[PDB]
Amino acid sequence: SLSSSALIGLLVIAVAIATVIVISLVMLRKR
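Caption draft 1: Quick peek at a nonpolar patch on the surface. Where nonpolar side chains cluster on the molecular surface, the patch consists of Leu10, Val12, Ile13, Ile17, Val20, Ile21, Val22, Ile23, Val26 and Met27 and spans about 950 Å² of accessible area. Residue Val20 is classed as partly exposed on the basis of its relative accessible area, which comes to 36%.

Caption draft 2: A look at unusual backbone geometry. Its identity as a non-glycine residue notwithstanding, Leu2 has a phi of 55°, on the positive side. Under the relative-accessibility criterion, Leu2 is labelled exposed at 86%.

Caption draft 3: Region of the structure containing the environment of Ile23. By the secondary structure assignment, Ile23 is in helix 1 (residues 7-29). Along the chain, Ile23 and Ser3 lie 20 residues apart, while their C-alpha atoms are 34 Å from each other.

Caption draft 4: Focus on the UniProt feature "transmembrane region" in the protein. Mapped onto this numbering, the UniProt entry annotates "transmembrane region" at residues 5-28. Counting secondary structure, residues 5-28 comes out at 92% helix and 0% strand; the distance between its end C-alpha atoms is 38 Å.

Each value, and the rule that gives it
Residues numbered from 1 in each chain as written, not as in the entry; some residues may be left out. Heavy atoms only, no water. Patch = residues over 30% accessible without salt bridge, like charges linked within 9 Å, V, L, I, M, F, W, Y side chains within 5 Å. Areas by Shrake-Rupley, 256 points an atom, 1.4 Å probe, with all protein chains shown as cover. Salt bridge = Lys/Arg side-chain N within 4 Å of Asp/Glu carboxyl O. Buried < 20%, exposed > 50% of the residue type's maximum accessible area, 1.4 Å probe, protein only. Helix = DSSP H or I, 4+ residues; strand = E, 2+ residues; numbered from the N terminus. UniProt positions renumbered as here; feature names shortened; annotations may be inferred.

Spelled out as structure tokens, the structure:
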């Protein structure tokens, strides 16, 4: 019942987007 180690590749993306949030504001400065 949903037991694939591949889930690691999906989790890394979640956090990969978080770091983009803090940078999102920096974009408004160069926009």
